[PDB]
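Scroll down for the structure; my scribbles are underneath it.
None of the figures in this text is laboratory data; all of them are computed from the coordinates on show. Every residue, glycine as well, gets a Cβ built from its backbone with ideal geometry; the counts of neighbours run over all protein chains shown.
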Ligand SMILES: CCCCCCCC(=O)OC[C@H](COP(=O)(O)O[C@@H]1[C@H](O)[C@H](O)[C@@H](OP(=O)(O)O)[C@H](OP(=O)(O)O)[C@H]1O)OC(=O)CCCCCCC
Ligand SMILES: CCCCCCCCCCCC(=O)OC[C@H](COP(=O)(O)OCC[N+](C)(C)C)OC(=O)CCCCCCCCCCC
Ligand SMILES: CC(C)CCC[C@@H](C)[C@H]1CC[C@H]2[C@@H]3CC=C4C[C@@H](O)CC[C@]4(C)[C@H]3CC[C@]12C
Ligand SMILES: CC(C)CCC[C@@H](C)[C@H]1CC[C@H]2[C@@H]3CC=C4C[C@@H](O)CC[C@]4(C)[C@H]3CC[C@]12C
Ligand SMILES: *[C@@H]1O[C@H](CO)[C@@H](O)[C@H](O)[C@H]1NC(C)=O
């Protein structure tokens, strides 16, 4: 019941906040160390928010061979206790 | 007078639009003060959601066709031709990578090269139309290869 | 209609001499001349956009000689070139070489093979032709219509279109000539006078193909409106005005990457309106489960659907896959025949036995292959028919009734019942049997088949237990009178070996090893190869006993003292009572429901849309044939048969050609089933061959068929999905559009139905299985929508596997 | 047939012909009845 319909990266707003609006309004360009906002859309209404939050993690990878030791891959949960 | 397409198809979208789809806007109008008809072709650097013209998908291409009343010039039909040209895969790909008007004109010539004209025939319509199936298939055997 | 001929200036191959050669001709419809020397298939003319664009350009500045008083090509060309110069279209220095080109020899199709063929040529200031410099494009009309004259009316007049290329020309030129009186020229061999002359000369230029230019001019002349205008035009402008209307009513079809018939037929109103516009100014005027409400309508439509394919039903069997399927289904239909015939002879005191079942199966299969609308069905005895035979025998022995005569009367009632059902199109009730009942029945039947094969192996083990000591001097006639060493273990080894070899060859068919065609062949004969290997294995072990196939000694009744080949309906030894002649309808009723359900559900399963059967299936003809043949065979003391599910599914699977995971086509033909039936009939005379075939090999074959018949059942797939995690679940509509627990509730309800039917089959009241199976139709149609949405039912219970 | 059998007045072809005739008669009766209905 946690299917994903779409994810909006909000390229215009984030690029405005991250001083990359001159680059594009469609591609997400962000600068490290500063938060950016995305919107996750679900196919069905989410009944219980906390178990669903416990059920989801995010992974960011860069390069052809991403790994933790190279710091080219990070897996982090979606929670208010995350290291900002 | 009413357009032929309206008379034969109108007297009696977002679901079908693919997700990574970009819009082409064709603008057609008659201006009696212009000496000659003019064509404008615009490829935006990136697809844009023009606030003045809200479309189901962001606009990538703009066709502007303006001019006066001229012999053999139907501007609605001229816009229909430019729209069909955009709908064709090979010209659309050429339009995305075009860097000059000459490359666009070369693609239009190939579009005209692989175009079939059915003359006025007295045959039954279902036979006259279906007779184009093998001729068009042979004519497009290399265009989409 | 008029005759239009198009000739192009070309140079030959033997003497390199330029000349005029006809490239196409028009009598309304256009014929083209191929390189071989024969005329292609006539077709409606289609023009390139560039040919019409250039034709309009040359015609606008063209040269018109209307009502010209000349009767020879020399006279026309002299005047045409004289006004060409006067119109400043060609220079006077060009007149000499252009006149030389025009009055040349005009060859026709009778000398293409006599000469060395033609190649395109461009006229030079020198007499010798120049080789064309622009890139050559082979004619589309020749490739599409050519690589493989009485229609001219007596009063009709001809038109000659001449196209030629000359490098010494500034621009292409059009000359239009209308003679005062239609005259015969040496250019046209046909005895039709010429009125019009199109001359299209010019240099090699981009977007100009002079063959297409001539085709456009000839198509324009072939049009009725322009030709009438051409006859009545006294100036160039009137011809120009008619050309503009021709282009105004033309339909340009742009290229598309996804052509289709339906999108093309969306232009039918456009083509009709354009033709109406063209003629508005000219004086001419433009020239299998449905119920039909008719008696025997379903039967007649069933015949008309399939009988035209009779020629293909013989020729499509000329493939080794069909022979391998014959070898497969021969054993698959012969071993159950022997087993059921032996059980019938044991129960009915040999009144109906092995030979009767064999001959009935042979005759009915031959007739069904020759006359059935779905020849892929296998017709033979089944379990429920055996249960009915035992029940009727018990009833007849209870009240002192002759069993075979009661069978005769049951068949007599069956004929009436099937005639009434077919005459009222009663087979349209089959449409209420959705995927639910079909898959439940197929899964239950496959499970029963597997269970019975394993039970036969178990019974072999019980008859020959593994023990420390054995009696060695045991009697061997007619069967083991005691336990034997190495018998059960060798039966297990043979069954496992043949099943393993069959599965290995099945995977070899889909594997990537060996030449693919050889692998496809070897894989097609996989079951015969496994059978032969294990038969040889048992052959080379001589000391050990294994039970072998046993066929009747000859074509004789199974019990000589009880009955003959023909049964008297009034009685054999005692008079048959009057009341049973009428009371035979109720057992005939039950037999009719059994056979109807089995045969029609088998037809539904085999002829599913996803199985890629394009030849059609008849639900009225096959039921009539099967039940009528059973009713007739009852009069001869023979069993009534039915279209069994496992055998028919195996027969269809053995004729299925796989694509490159996806079903491509099925070899639907009448020869495979006919040969299986003939071999079943001939099996009595094949005793020295069948006596060396062990039953364990056939048991492994049965296990293979049982595990194979589950491939196309969505119920089995969903049962697997029960043991399979949701993330793994495949991309199918009943997974992606239905919740996983809802899908599993659907599967669990189907499982409960399967358990209920299995329990019913386990009781002596196993003849009520058709009615309980029927009860699953009110289930799906009433109770399932009370707990499932319409979307969920469309996704799960889909007729053609569609996502609603 | 076989062995010793009771001799009826009708032979097997005669009895099966009369039964086929009776069946054809009742079939025609039902067909004519169905043709009468759905029309009036
Ligand atoms: C049994 C042969 C005995 C070996 C004799 C030694 C000679 C011998 O058989 O090898 C040469 C020959 C090469 O010929 P080639 O490559 O043209 O033959 C290909 C082969 O038939 C494939 O099976 C085909 O694929 P598929 O399956 O139809 O899809 C493929 O067609 P396509 O589909 O790609 O267009 C064919 O092109 O065969 C082999 O392919 C190597 C396998 C060796 C076979 C060895 C098996 C033990
Ligand atoms: C893919 C191919 C098939 C694979 C499955 C193998 C099943 C083999 C049949 C076993 C059940 C059976 O039949 O056992 C039942 C028999 C019979 O017992 P009974 O007391 O004589 O019967 C009583 C009935 N009376 C009174 C009429 C005699 O037990 C035995 O003799 C015990 C020996 C069993 C040998 C098992 C062989 C190894 C199996 C494991 C292989 C992986
Ligand atoms: C649908 C089929 C089975 C027909 C229905 C059976 C009934 C209606 C008919 C068919 C043939 C009939 C029999 C034909 C001939 C005779 C001989 C006569 O001296 C006594 C009655 C008797 C024995 C008839 C009784 C009724 C009968 C049994
Ligand atoms: C015991 C074996 C044979 C079958 C058991 C499978 C059943 C109990 C399991 C397998 C997959 C499971 C489903 C997987 C995912 C979801 C989505 C979740 O948001 C609600 C529950 C639901 C819908 C589960 C319900 C229970 C389920 C259907
Ligand atoms: C054949 O029928 C007779 C008499 O009807 C019976 O005695 C005999 O047992 C039967 N034969 C067999 C093999 O059952």
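Among the residues of segment B:132-145, the one identified as within 30 Å of residue C:280 (Cβ to Cβ) and surrounded by fewer than 17 Cβ atoms within 10 Å (Cβ to Cβ) is B:133.
Considering only segment B:80-99, I want to know if a residue exists there that is within 17 Å of residue C:254 (Cα to Cα) and in a loop (DSSP other than H, G, I, E, B). Yes, segment B:80-99 contains a residue that is within 17 Å of residue C:254 (Cα to Cα) and in a loop (DSSP other than H, G, I, E, B).
The condition (being within 14 Å of chain C (Cβ to nearest Cβ) and within 30 Å of residue C:251 (Cα to Cα)) is satisfied by just one residue among B:21, B:2: B:2. Of all the numbered requirements in (1) under 27 Å from the mean Cα position of the chain (by Cα); (2) assigned to a helix (DSSP H, G or I); (3) buried (at least 21 other Cβ atoms within 10 Å of the Cβ), residue C:375 misses one, and that requirement is (2).
Hey, among the residues in segment C:298-326 that are assigned to a loop (DSSP other than H, G, I, E, B) and buried (at least 20 other Cβ atoms within 10 Å of the Cβ), which one's farthest from the chain's Cα centre (by Cα)? Talk me through it step by step, then tell me what you get.
As a first pass, look at segment C:298-326 and keep what is assigned to a loop (DSSP other than H, G, I, E, B): C:311, C:316-319.
Of the ones still in play, those that are also buried (at least 20 other Cβ atoms within 10 Å of the Cβ) are C:316-317.
On the way: C:316: 10, C:317: 13 Å.
Among those that are assigned to a loop (DSSP other than H, G, I, E, B) and buried (at least 20 other Cβ atoms within 10 Å of the Cβ), it is C:317.
Every residue, every condition in (1) crowded, with 17+ Cβ neighbours inside 10 Å; (2) on the phi > 0 side of the Ramachandran plot; (3) within 16 Å of ligand 2 (Cβ to nearest atom), yes or no:
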{"position": "C:420", "(1), (2), (3)": "no, no, no"}
{"position": "C:438", "(1), (2), (3)": "yes, no, no"}
{"position": "C:445", "(1), (2), (3)": "yes, no, no"}
{"position": "C:469", "(1), (2), (3)": "no, no, yes"}
{"position": "C:474", "(1), (2), (3)": "no, no, yes"}
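Reported count of residues in segment C:732-767, each being more than 14 Å from chain A (Cβ to nearest Cβ) and either within 16 Å of ligand 5 (Cβ to nearest atom) or not in a helix (DSSP H, G or I) (or both), is 4. Taking (1) loosely packed, with under 14 Cβ neighbours inside 10 Å; (2) in a loop (DSSP other than H, G, I, E, B); (3) within 55 Å of the chain's Cα centre (by Cα) in turn, residue C:104 satisfies each apart from (1). Among the residues of segment B:93-107, those that are within 14 Å of another protein chain (Cβ to nearest Cβ) and surrounded by 17 or more Cβ atoms within 10 Å (Cβ to Cβ) comprise B:94, B:107. Residues that are in a helix (DSSP H, G or I) and more than 19 Å from the chain's Cα centre (by Cα) were ranked within segment C:598-620; the one that is nearest to residue C:364 (Cα to Cα) is C:599. Of the listed requirements (1) farther than 17 Å from residue C:639 by Cα; (2) away from chain D (no Cβ under 14 Å); (3) surrounded by 17 or more Cβ atoms within 10 Å (Cβ to Cβ), residue C:587 misses just one: (1).
Kindly establish whether residue A:21 is within 14 Å of another protein chain (Cβ to nearest Cβ), away from ligand 3 (no atom under 16 Å from the Cβ) and either touching a strand residue (DSSP E or B) at 6+ places or on another chain (Cβ under 6 Å) or under 30 Å from residue B:60 (Cβ atoms) (or both).
Numbers: within 14 Å of another protein chain (Cβ to nearest Cβ): yes; away from ligand 3 (no atom under 16 Å from the Cβ): yes; either touching a strand residue (DSSP E or B) at 6+ places or on another chain (Cβ under 6 Å) or under 30 Å from residue B:60 (Cβ atoms) (or both): yes.
The answer is yes for residue A:21.
Residue check: residue C:510 meets all listed conditions (1) within 15 Å of residue C:544 (Cα to Cα); (2) more than 12 Å from ligand 2 (Cβ to nearest atom) but one, namely (1). How about segment D:11-25: which of its residues are at the interface with another protein chain (Cβ under 7 Å from one of its Cβ atoms) and either touching a helix residue (DSSP H, G or I) at 6+ places or on another chain (Cβ under 7 Å) or exposed (fewer than 11 other Cβ atoms within 10 Å of the Cβ) (or both)? Residues satisfying the conditions are D:16, D:19, D:23. Across segment A:27-49, the number of residues qualifying as within 14 Å of another protein chain (Cβ to nearest Cβ) and under 16 Å from the mean Cα position of the chain (by Cα) comes to 4.
Please indicate, with yes or no, whether at least one residue in segment C:279-297 is crowded, with 21+ Cβ neighbours inside 10 Å and either within 14 Å of chain B (Cβ to nearest Cβ) or away from ligand 4 (no atom under 16 Å from the Cβ) (or both).
If we filter segment C:279-297 for residues that are crowded, with 21+ Cβ neighbours inside 10 Å, which is where we start, we get none.
So far as segment C:279-297 goes, no, none of its residues is crowded, with 21+ Cβ neighbours inside 10 Å and either within 14 Å of chain B (Cβ to nearest Cβ) or away from ligand 4 (no atom under 16 Å from the Cβ) (or both).
Taking the listed residues C:693, C:719, the one that is within 30 Å of residue C:545 (Cα to Cα) and surrounded by 14 or more Cβ atoms within 10 Å (Cβ to Cβ) is C:693, with no other qualifying.
Here C:217, C:187 are screened, and the one residue that is in contact with a strand residue (DSSP E or B) (Cβ under 9 Å, 6 or more places away or on another chain), away from every other protein chain (no Cβ under 11 Å) and not in a helix (DSSP H, G or I) is C:187. If the condition is being within 16 Å of ligand 4 (Cβ to nearest atom) and surrounded by 14 or more Cβ atoms within 10 Å (Cβ to Cβ), then segment C:749-772 contributes C:749, C:750, C:751, C:754. When the test is whether a residue is exposed (fewer than 14 other Cβ atoms within 10 Å of the Cβ) and within 14 Å of another protein chain (Cβ to nearest Cβ), residue B:71 passes it.
The set of residues in segment B:127-145 being assigned to a helix (DSSP H, G or I) and either at the interface with chain C (Cβ under 7 Å from one of its Cβ atoms) or within 16 Å of residue C:145 (Cα to Cα) (or both) consists of B:128, B:129, B:130, B:132, B:133, B:134, B:135, B:136, B:137, B:138, B:139.
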